[PDB]
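The numbering of the sequence shown is PDB author numbering, which starts it at 1 and goes up by one.
We put the CB at the ideal spot given by N, CA and C, even for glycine.
Heads up: the structure comes next, in structure tokens.
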Amino acid sequence: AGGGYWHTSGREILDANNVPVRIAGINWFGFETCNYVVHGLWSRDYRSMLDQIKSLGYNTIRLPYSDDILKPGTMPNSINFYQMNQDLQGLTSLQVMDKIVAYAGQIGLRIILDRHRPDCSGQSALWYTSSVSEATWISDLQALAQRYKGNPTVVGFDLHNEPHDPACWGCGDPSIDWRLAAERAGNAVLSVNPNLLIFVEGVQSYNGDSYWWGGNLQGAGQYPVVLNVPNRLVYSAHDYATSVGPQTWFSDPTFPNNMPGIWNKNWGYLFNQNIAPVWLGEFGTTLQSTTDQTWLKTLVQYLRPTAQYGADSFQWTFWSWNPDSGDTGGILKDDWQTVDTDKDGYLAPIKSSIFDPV
């Protein structure tokens, strides 16, 4: 399954033949760093990396980027070309991206593009900065959509990674109201290719409740995102455990009984109420603490195991493939070859199936 562009039906995603599909994937980061390319291509051929990811079961890649790679002539600076990656030599960051998108499509993976940073120096709480403007943001998103227009390997865009304070949901002040910005961006995108899915994260705070960045969708119920094209909107949250940082509820004595409550309040409800599909776009942990391990165990059940519920379940993409994330660690170990199969162990129940070749 997975052929052609995709669409929504209630809380499910469907391919072009109206078969339900489940996004159950991984984050491979680096094109949003100042290396301007996915990491680990200093040790691995990229096709070999992609094959390993498929082999392990992940069917979708969330591909973080920054707007720096759209500056003309921007080039990767951490690729090894000895006996590997030979066809990437002399390519721009964008030419390299082309390459990754194609092989991945050829082998049954899918790609979601993620405006993860305005520039390679770091994330922004708002969708714009003094240096990178909304207009540039939007032009870039359109530039990328036009660039993959016709290749359903890229199924849609995560408009902006992890909006947070002082972003607001529905407050009406156009300088900080992410709900309105999201529509601006989204319709710009669908104006180029109306078959793409639009993934919108939450903010961090709402009606005095605060959650993880990009995780708070509590205001989406009353102030929904409305796009020019129907059946394109996927809401998305992020969630973490203590390896990333401290939250009141890990200390709650009834943990992790509390968790589904917190999840449902912040993003769960949209799925339970059948309003829209929901994507846990980013989540992970080093699994160093018992707490984190209960968390992951619990979370995985919450997301609805594929065997009991199939594609009528939460979409997800784990953080991350890369071992070089302090806070979470990765699927691969420091050698960029050896799998942390125990970690991979946890995600088994919610994995699903590779898609059809594009």
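How would you label residue i, buried or exposed, when you count the other beta carbons within 10 angstroms and need 16 or more for buried?
i, result
"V358", "buried"
"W336", "buried"
"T317", "buried"
"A311", "buried"
"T338", "exposed"
"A307", "exposed"
"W6", "buried"
"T328", "buried"
"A348", "exposed"
"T248", "exposed"
"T60", "buried"
"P163", "buried"
"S251", "exposed"
"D334", "exposed"
"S121", "exposed"
"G208", "exposed"
"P253", "exposed"
"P256", "buried"
Could you check where the beta strand (DSSP E) with residue i kicks off and where it finishes?
i, result
"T328", "Note, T328: premise wrong, no beta strand (DSSP E); not H, not E."
"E162", "Element bounds for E162: n/a, residue is neither H nor E."
"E183", "Segment 178-190 is the alpha helix (DSSP H) holding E183; no beta strand (DSSP E) there."
"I112", "110-117"
"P260", "Unbroken run through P260 is the alpha helix (DSSP H), 259-263; no beta strand (DSSP E)."
"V234", "233-238"
"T285", "Run containing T285: none; DSSP gives neither H nor E here."
"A24", "24-27"
"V101", "It is not in any beta strand (DSSP E) - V101 instead sits in the alpha helix (DSSP H) that spans 93-106."
"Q315", "315-318"
"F199", "197-201"
"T136", "That residue, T136, is in no beta strand (DSSP E); its alpha helix (DSSP H) goes 134-147."
"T248", "Unbroken run through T248: none, as it is neither H nor E."
"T60", "60-66"
"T306", "Premise fails: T306 lies in the alpha helix (DSSP H), 306-309, not in any beta strand (DSSP E)."
"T8", "7-9"
"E32", "Premise fails: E32 is in no beta strand (DSSP E) and is neither H nor E."
"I13", "12-14"
Beta carbon of residue i, beta carbon of residue j: below 8 Å?
i, j, result
"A276", "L227", "no"
"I350", "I26", "no"
"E183", "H238", "no"
"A24", "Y58", "yes"
"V37", "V101", "no"
"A125", "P166", "yes"
"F31", "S131", "no"
"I112", "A104", "no"
"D356", "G40", "no"
"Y235", "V203", "no"
"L109", "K99", "no"
With distances taken Cα to Cα, identify the nearest neighbour of residue i among the options.
i, options, result
"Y46", "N161, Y206, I107, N195", "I107"
"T341", "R11, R22, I53", "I53"
"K265", "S205, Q301, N231", "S205"
"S320", "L63, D98, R11, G208", "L63"
"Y302", "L88, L50, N258", "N258"
"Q146", "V19, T74, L196", "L196"
"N272", "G10, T60, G4", "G10"
"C168", "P72, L217, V155", "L217"
"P72", "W213, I354, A143, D356", "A143"
"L280", "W267, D68, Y309", "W267"
"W213", "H116, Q89, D334, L14", "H116"
"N274", "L296, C120, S313", "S313"
"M84", "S48, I69, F255", "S48"
"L190", "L88, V155, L299, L109", "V155"
"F199", "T74, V225, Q89", "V225"
"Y346", "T291, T298, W263", "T298"
"residue 360", "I79, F81, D87, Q123", "This structure gives no information on residue 360, because the portion of the chain shown stretches from 1 to 358."
"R22", "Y309, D344, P323", "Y309"
Answer yes or no: does any C-beta atom of chain B fall closer than 8 Å to that of residue i?
i, result
"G245", "Although the question refers to chain B, the structure presented lacks it and comprises just one protein chain."
CB of residue i to nearest heavy atom of the ligand ADP: below 7 Å?
i, result
"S131", "For the structure depicted, the ligand ADP is absent and the ligand set is empty, with no information on it obtainable."
Which two residues bound the contiguous alpha helix (DSSP H) that contains residue i?
i, result
"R47", "46-55"
"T153", "Per DSSP, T153 belongs to no alpha helix (DSSP H) and is neither H nor E."
"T341", "341-347"
"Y269", "269-272"
"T129", "No alpha helix (DSSP H) contains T129, which DSSP labels as neither H nor E."
So, do the region 141-151 and the region 211-226 have three or more beta carbon pairs nearer to each other than 8 Å?
In this structure the region 141-151 does not touch the region 211-226; the number of beta carbon pairs closer than 8 Å is below three.
Spell out a yes or no on whether the region 121-140 and the region 157-168 are touching, meaning 3 or more CB-CB pairs, one atom from each, closer than 8 Å.
Segment contact: the region 121-140 against the region 157-168, three or more CB-CB distances shorter than 8 Å; contact assigned.
Counting pairs of beta carbons, one from the region 281-293 and one from the region 240-251, are three or more of them closer than 8 Å?
By the C-beta criterion, the region 281-293 is judged to be in contact with the region 240-251, since at least 3 inter-stretch pairs fall below 8 Å.
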